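Peer 1: Chains as they are written, first to last, in PDB author numbering: chain C, 1 to 160; chain B, 1 to 160; chain A, 1 to 160; chain D, 1 to 160; chain E, 1 to 160; chain F, 1 to 160.
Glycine included, every Cβ here is placed at the ideal spot set by N, Cα and C.
This structure is in structure tokens; I'll ask about it shortly.
There are 6 protein chains.
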Amino acid sequence: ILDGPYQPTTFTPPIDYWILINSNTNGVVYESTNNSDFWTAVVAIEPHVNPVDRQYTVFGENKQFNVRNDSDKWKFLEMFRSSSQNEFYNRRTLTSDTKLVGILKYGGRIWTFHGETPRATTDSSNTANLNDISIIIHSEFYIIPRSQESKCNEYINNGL
Amino acid sequence: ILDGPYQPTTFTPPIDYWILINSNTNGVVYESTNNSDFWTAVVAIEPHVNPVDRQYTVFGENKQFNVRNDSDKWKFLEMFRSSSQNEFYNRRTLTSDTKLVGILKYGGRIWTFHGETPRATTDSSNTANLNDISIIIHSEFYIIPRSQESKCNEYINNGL
Amino acid sequence: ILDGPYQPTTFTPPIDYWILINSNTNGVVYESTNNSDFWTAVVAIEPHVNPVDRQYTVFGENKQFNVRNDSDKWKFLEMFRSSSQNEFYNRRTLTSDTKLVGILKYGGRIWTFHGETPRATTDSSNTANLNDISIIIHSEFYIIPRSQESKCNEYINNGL
Amino acid sequence: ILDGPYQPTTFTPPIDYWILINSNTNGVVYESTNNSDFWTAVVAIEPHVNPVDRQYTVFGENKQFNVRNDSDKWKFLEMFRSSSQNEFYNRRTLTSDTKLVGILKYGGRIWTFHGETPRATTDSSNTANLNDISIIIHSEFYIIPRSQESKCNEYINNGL
Amino acid sequence: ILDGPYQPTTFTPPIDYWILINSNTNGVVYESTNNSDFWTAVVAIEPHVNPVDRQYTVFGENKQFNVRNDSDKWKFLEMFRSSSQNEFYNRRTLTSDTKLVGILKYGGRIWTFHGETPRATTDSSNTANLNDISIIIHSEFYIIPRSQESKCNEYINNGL
Amino acid sequence: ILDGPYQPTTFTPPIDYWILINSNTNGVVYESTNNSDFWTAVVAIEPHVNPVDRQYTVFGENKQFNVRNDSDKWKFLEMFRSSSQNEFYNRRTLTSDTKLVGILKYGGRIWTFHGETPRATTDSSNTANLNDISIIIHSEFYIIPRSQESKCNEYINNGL
Ligand SMILES: CC(=O)N[C@@H]1[C@@H](O[C@@H]2O[C@H](CO)[C@H](O)[C@H](O)[C@H]2O)[C@@H](O)[C@@H](CO[C@@H]2O[C@H](CO)[C@@H](O)[C@H](O)[C@H]2NC(C)=O)O[C@@H]1O
Ligand SMILES: CC(=O)N[C@@H]1[C@@H](O[C@@H]2O[C@H](CO)[C@H](O)[C@H](O)[C@H]2O)[C@@H](O)[C@@H](CO[C@@H]2O[C@H](CO)[C@@H](O)[C@H](O)[C@H]2NC(C)=O)O[C@@H]1O
Numbered sequence: 001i002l003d004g005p006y007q008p009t010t011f012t013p014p015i016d017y018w019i020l021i022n023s024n025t026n027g028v029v030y031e032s033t034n035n036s037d038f039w040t041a042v043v044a045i046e047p048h049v050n051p052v053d054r055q056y057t058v059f060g061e062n063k064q065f066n067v068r069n070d071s072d073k074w075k076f077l078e079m080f081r082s083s084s085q086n087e088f089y090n091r092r093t094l095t096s097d098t099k100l101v102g103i104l105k106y107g108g109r110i111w112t113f114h115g116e117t118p119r120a121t122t123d124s125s126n127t128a129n130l131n132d133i134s135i136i137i138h139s140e141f142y143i144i145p146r147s148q149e150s151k152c153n154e155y156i157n158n159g160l
Numbered sequence: 001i002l003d004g005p006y007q008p009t010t011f012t013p014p015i016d017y018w019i020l021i022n023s024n025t026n027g028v029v030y031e032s033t034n035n036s037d038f039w040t041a042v043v044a045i046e047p048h049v050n051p052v053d054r055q056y057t058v059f060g061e062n063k064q065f066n067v068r069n070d071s072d073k074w075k076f077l078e079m080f081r082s083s084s085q086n087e088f089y090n091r092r093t094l095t096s097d098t099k100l101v102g103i104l105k106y107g108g109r110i111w112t113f114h115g116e117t118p119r120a121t122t123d124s125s126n127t128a129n130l131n132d133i134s135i136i137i138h139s140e141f142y143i144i145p146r147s148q149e150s151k152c153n154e155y156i157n158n159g160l
Numbered sequence: 001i002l003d004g005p006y007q008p009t010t011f012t013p014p015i016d017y018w019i020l021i022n023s024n025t026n027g028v029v030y031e032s033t034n035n036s037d038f039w040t041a042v043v044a045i046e047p048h049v050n051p052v053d054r055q056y057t058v059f060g061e062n063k064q065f066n067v068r069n070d071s072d073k074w075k076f077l078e079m080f081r082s083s084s085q086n087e088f089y090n091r092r093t094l095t096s097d098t099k100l101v102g103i104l105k106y107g108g109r110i111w112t113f114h115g116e117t118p119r120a121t122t123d124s125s126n127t128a129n130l131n132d133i134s135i136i137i138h139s140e141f142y143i144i145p146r147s148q149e150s151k152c153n154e155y156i157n158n159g160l
Numbered sequence: 001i002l003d004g005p006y007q008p009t010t011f012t013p014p015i016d017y018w019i020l021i022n023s024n025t026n027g028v029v030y031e032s033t034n035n036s037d038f039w040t041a042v043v044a045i046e047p048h049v050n051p052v053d054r055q056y057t058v059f060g061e062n063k064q065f066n067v068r069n070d071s072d073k074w075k076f077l078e079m080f081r082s083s084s085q086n087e088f089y090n091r092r093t094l095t096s097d098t099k100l101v102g103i104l105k106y107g108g109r110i111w112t113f114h115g116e117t118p119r120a121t122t123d124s125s126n127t128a129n130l131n132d133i134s135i136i137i138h139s140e141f142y143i144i145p146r147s148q149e150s151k152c153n154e155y156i157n158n159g160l
Numbered sequence: 001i002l003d004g005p006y007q008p009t010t011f012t013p014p015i016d017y018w019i020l021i022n023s024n025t026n027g028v029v030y031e032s033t034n035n036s037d038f039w040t041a042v043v044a045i046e047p048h049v050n051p052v053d054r055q056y057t058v059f060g061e062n063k064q065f066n067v068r069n070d071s072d073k074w075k076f077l078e079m080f081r082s083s084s085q086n087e088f089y090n091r092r093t094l095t096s097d098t099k100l101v102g103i104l105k106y107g108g109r110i111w112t113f114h115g116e117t118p119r120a121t122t123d124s125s126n127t128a129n130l131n132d133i134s135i136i137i138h139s140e141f142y143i144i145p146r147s148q149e150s151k152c153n154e155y156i157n158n159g160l
Numbered sequence: 001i002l003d004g005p006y007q008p009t010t011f012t013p014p015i016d017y018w019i020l021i022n023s024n025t026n027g028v029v030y031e032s033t034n035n036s037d038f039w040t041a042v043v044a045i046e047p048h049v050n051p052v053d054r055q056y057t058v059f060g061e062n063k064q065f066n067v068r069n070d071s072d073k074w075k076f077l078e079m080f081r082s083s084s085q086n087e088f089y090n091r092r093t094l095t096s097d098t099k100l101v102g103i104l105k106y107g108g109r110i111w112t113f114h115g116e117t118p119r120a121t122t123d124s125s126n127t128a129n130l131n132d133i134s135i136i137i138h139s140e141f142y143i144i145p146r147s148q149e150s151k152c153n154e155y156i157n158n159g160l
């Protein structure tokens with residue numbers, strides 16, 4: 001009953017659906033924005049990376065992020081800014097060996113998974129415009145209704 | 001000169017184009033909403049279905065609808081609501097053995113086909129926000145300019 | 001304990017507060033918009049006016065509205081559009097002999113009063129961006145916390 | 001060269017300016033929020049208040065705060081939350097016999113004064129969205145450019 | 001029918017309205033910015049001023065501008081910058097014996113008056129963020145709908 | 001490093017990315033609009049076409065465009081209108097033997113290439129609503145961050 005996988009693409013995710021992205025390299029996993037007050041780009045950091053500066057293309061710009069991962073698992077860094085003039089900061093991190101990342105539009109808020117598998121949990125971010133948040137997804141992904149969030153959770157924490 | 005077929009997808013359909021969906025199973029054919037005053041999901045009922053409660057995923061929720069089909073043809077039920085806190089009701093039905101369903105954004109209204117093939121006709125639904133109506137399409141579809149609605153009509157009623 | 005009256009002005013009302021406007025003429029009571037998907041202007045119609053076209057300045061434009069009022073009470077018509085390209089239509093009406101109109105930003109929605117006093121009730125309207133909805137208020141007005149909505153209700157239906 | 005006084009009002013303070021509020025009663029001095037990750041309301045406690053629960057209207061809600069002041073001077077309590085679903089806590093206090101409080105948007109942070117006059121100093125609070133922080137001010141206030149912060153400091157600690 | 005005068009204040013002007021400011025001294029007439037790509041401050045230069053450096057407080061900072069006026073009329077100089085990392089340059093000038101200055105948010109641009117009365121004309125400046133354009137006005141001002149721009153032009157060039 | 005090719009589709013291009021379209025026939029290359037103040041359709045004219053009216057389907061309607069190409073290269077005609085009530089006119093032309101056209105949403109404007117390869121240059125068109133500009137693309141295309149605009153320029157003028 002798993003809807004997918006879908007090819008990398010740019011679209012406005014519908015309300016009340018988890019987008020479950022299967023990361024496949026150490027680059028930008030997705031870029032999300034409404035172009036007013038919400039910019040989040042997730043970068044994937046492979047295990048055992050001493051702190052270092054890396055260049056990522058994010059929202060059409062070349063940006064330098066200092067990056068580290070002292071874990072056996074991958075680390076997916078949520079880099080956030082609320083205006084094109086602010087610099088990004090690492091707002092949240094998901095530490096995972098399943099390499100799946102989740103994003104949901106629900107209840108006026110953006111929900112993502114953070115923590116460390118197999119015990120990662122959801123967290124919310126506010127915005128003045130949830131409906132207009134669009135996403136560029138750089139890997140294969142799946143769509144899971146919120147009615148089946150418990151399944152998505154399981155996937156996030158245990159793999160497909 | 002038929003534009004398509006395109007793969008299942010989520011997007012905001014352009015104004016003044018018929019979306020012509022070729023249904024392939026007895027589930028949700030498409031879901032359309034502007035998240036303000038218009039929600040429509042079309043469910044496909046195969047021929048000769050005694051009254052029965054069926055579960056469907058619509059706008060991320062698990063909804064139960066009682067459906068029936070006493071016909072030799074398929075029945076495509078428009079489940080409609082005008083508020084996110086209302087339940088759905090069966091607003092229109094397309095009885096068809098071509099299994100093609102159509103939806104058009106035009107003149108401030110949403111136009112669809114209803115009735116029974118080969119004599120299905122267009123009907124309109126009002127909305128205060130036509131431009132922000134988006135759609136999730138669960139099967140292959142085609143795009144037809146409104147300038148060629150006659151052709152679309154033909155297809156709806158007679159198939160490709 | 002009533003906060004006000006405040007002079008006519010343009011501002012972005014804070015979340016979770018009723019704005020209570022004391023209309024004083026048969027013109028535009030207020031104009032509210034986020035400049036993306038929500039435009040509401042309220043026009044005041046004095047009692048016993050046979051249907052007639054009248055010119056109003058709304059959102060910087062000269063608009064002609066056909067208005068009628070058979071009642072002995074004033075009629076406050078909510079003219080709404082979701083796009084600067086659409087025509088306004090009369091979305092709601094508050095029939096009142098107190099000349100008080102209310103607007104509240106709460107729960108992701110815009111709440112106003114409609115119906116006929118002293119039995120007027122609240123109703124909501126959806127938007128993709130509630131926070132950025134600003135208002136031009138053409139009369140004296142008061143600010144009442146949502147915690148005291150019952151008082152606001154009394155005011156709307158009974159006068160100050 | 002002192003810009004003010006201005007009347008109580010709600011607005012989005014410009015970046016790089018101190019708002020200097022002259023408190024005149026033992027109520028809410030101001031309410032400040034961006035509706036995403038920052039809510040501060042300052043309550044004024046008169047001298048010699050034994051520990052007591054007091055009700056205040058903050059951000060449209062009735063809240064009950066435990067307050068106390070055993071000093072000869074007034075206490076201005078910053079009640080803070082970073083999420084609408086958290087209850088407030090007393091994050092900072094300004095103990096003052098000048099009854100002047102200050103708030104500034106600058107360098108990605110909110111700056112206020114705390115400590116005890118005439119030795120009160122500035123302190124910062126972080127936010128993901130500085131530009132959308134607005135304020136409701138319940139008494140007269142002045143605008144001072146950050147270029148003249150020394151003057152503001154003087155006033156905070158010594159009066160006008 | 002002229003809406004005003006209003007007292008000096010800080011606010012976000014509504015889209016599609018001229019703000020008509022009656023300058024009353026040789027200082028900063030107004031400051032406008034969206035804090036992303038648009039900063040404009042108009043300075044008033046009395047007649048017969050030899051080229052000289054003057055200090056102005058703009059956007060909370062002390063800035064030195066070299067100003068001149070060899071005419072019998074007042075000169076209003078637009079100092080502009082497209083980034084907080086840049087210095088201001090004199091982008092436009094309005095030469096006027098009426099001491100009225102105009103600014104309008106419309107069509108994705110900021111419109112002002114320039115040239116010399118009674119033959120001043122409008123011109124536009126681009127922005128990517130018009131909705132966030134806020135203004136500090138240091139003199140009395142009026143609000144004129146764009147539908148009455150001719151009248152505004154009249155005032156600009158001839159006085160009230 | 002080149003992102004693509006992607007299949008013909010309808011979507012809202014992200015801000016700050018060049019869409020680089022590889023035209024493959026003498027039809028409509030793309031259609032772009034926000035349904036408020038911006039409509040552009042690019043039509044491809046093969047070499048050596050005498051001035052003639054040709055029929056194209058744009059934005060769901062049949063239109064006749066006066067078209068010509070007296071050169072050895074292809075010509076890509078931008079047909080533009082600022083309102084649905086206006087007729088299209090040839091606003092710009094790109095004369096090219098690479099058959100690549102470019103469109104970018106940036107800085108409150110739409111940027112395209114015009115002129116003649118290998119010295120085609122970018123030009124801008126204003127809009128009040130850049131976020132809502134969507135595109136129907138009728139051939140394979142690539143996405144190039146604005147940070148790599150030079151590479152896009154190279155492609156435009158010299159091919160892949
Ligand atoms: C004044 C009014 O209500 N006009 C209706 C019109 O809506 C206008 O369409 C304009 C087109 O851009 C514009 O948007 C304007 O703002 C609108 O008021 C339409 O809704 C038409 C519908 O015509 C019907 O179209 C469907 C779909 O193609 C066809 O299947 C129907 O056959 C067709 N009906 C008729 C009688 O032609 O109605 C009003 O003209
Ligand atoms: C965090 C950082 O890199 N710098 C801090 C700085 O913030 C920057 O300010 C820039 C303004 O030109 C620009 O906005 C940049 O993007 C920011 O990173 C400031 O936050 C200062 C704090 O300066 C303090 O300001 C308060 C309020 O005026 C004063 O009361 C303090 O006395 C003052 N302290 C100091 C040491 O200057 O901190 C970082 O430099």
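Taking the alpha carbon of residue 26(D) as the reference point, which residue from 105(D), 49(D) and 4(D) has its own alpha carbon closest?
Peer 2: 49(D)
Peer 1: Are the C-beta of residue 128(B) and some C-beta of chain A separated by less than 9 Å?
Peer 2: yes
Peer 1: Judging by CA-CA distance, which residue of 30(D), 118(D), 152(D) and 142(D) is the nearest neighbour of residue 6(D)?
Peer 2: Looking at the Cα atoms, 142(D) is the closest of the given residues.
Peer 1: Following the continuous beta strand (DSSP E) through residue 50(A), name the residue where it begins and the one where it ends.
Peer 2: 49-58
Peer 1: Residues of chain B with CB under 9 Å from residue 25(F), in chain order?
Peer 2: Correct list: empty, because the minimum Cβ distance to chain B is about 13 Å.
Peer 1: If you run the structure through DSSP and keep just helix, strand and coil, what is residue 61(C)?
Peer 2: strand
Peer 1: Give me the residue from 99(E), 112(E), 144(E) and 72(E) with the minimum Cα distance to residue 79(E).
Peer 2: Closest in C-alpha terms to residue 79(E), from the list 99(E), 112(E), 144(E) and 72(E), comes 112(E).
Peer 1: Just tell me which of 55(C), 3(C), 145(C) and 60(C) has its CA closest to the CA of residue 13(F).
Peer 2: 60(C)
Peer 1: Work out the CA separation of residue 58(E) and residue 139(E) for me, nearest whole Å.
Peer 2: 15 Å
Peer 1: Could you run through the segment 56-90 of chain A and flag, in chain order, every residue whose CB is less than 9 Å away from some CB of chain B?
Peer 2: 80, 81, 82, 83, 85, 86, 87 and 89
Peer 1: From the beta carbon of residue 53(A), is the nearest beta carbon of chain B less than 9 Å away?
Peer 2: Not an interface residue.
Peer 1: Name the two residues that bound the continuous beta strand (DSSP E) containing residue 140(F).
Peer 2: Note, residue 140(F): premise wrong, no beta strand (DSSP E); not H, not E.
Peer 1: Please state whether the Cβ-Cβ distance between residue 45(D) and residue 102(D) is less than 9 Å.
Peer 2: no
Peer 1: Do you know how far the Cα of residue 41(E) is from the Cα of residue 88(E)?
Peer 2: 9 Å
Peer 1: Starting from the beta carbon of residue 164(C), find every residue of chain F whose beta carbon is closer than 7 Å, and list them in chain order.
Peer 2: This structure does not reach residue 164(C), given that chain C is present from 1 up to 160, and the question cannot be answered.
Peer 1: For residue 122(C), tell me which candidate among 104(C), 38(C) and 55(C) has the shortest Cα-Cα distance.
Peer 2: 104(C)
Peer 1: Pop quiz: residue 100(F) and residue 155(F) are said to be a contact at Cβ under 8 Å. What is the actual Cβ separation, rounded to whole angstroms?
Peer 2: 6 Å
Peer 1: Since residue 108(A) meets chain C, which of its residues come closer than 9 Å, beta carbon to beta carbon?
Peer 2: Those are 107, 108 and 130, listed as they occur along chain C.
Peer 1: From this set, 131(B), 65(B) and 150(B), which residue's C-alpha is nearest residue 162(B)'s C-alpha?
Peer 2: Since the first and last residues shown for chain B are 1 and 160, residue 162(B) lies out of range.
Peer 1: List the residues of chain A whose Cβ lies closer than 9 Å to the Cβ of residue 36(F), in chain order.
Peer 2: 83, 84 and 85
Peer 1: Assign residue 2(E) to buried or exposed, taking buried as 16 or more other Cβ atoms, counted over all protein chains shown, within 10 Å of its Cβ.
Peer 2: exposed
Peer 1: Among residues of its own chain, excluding the 5 on either side of residue 159(F), which ones have a beta-carbon nearer than 6 Å to its beta-carbon?
Peer 2: 98
Peer 1: Roughly how far, in whole angstroms, is the beta-carbon of residue 84(F) from the beta-carbon of residue 109(F), given that I think they are within contact range, below 8 Å?
Peer 2: About 21 Å separates the two Cβ atoms, so there is no contact after all.
Peer 1: How far does the beta strand (DSSP E) with residue 99(C) in it extend, from its first residue to its last?
Peer 2: Counting along the chain, residue 99(C) falls outside any beta strand (DSSP E), and DSSP gives it neither H nor E.
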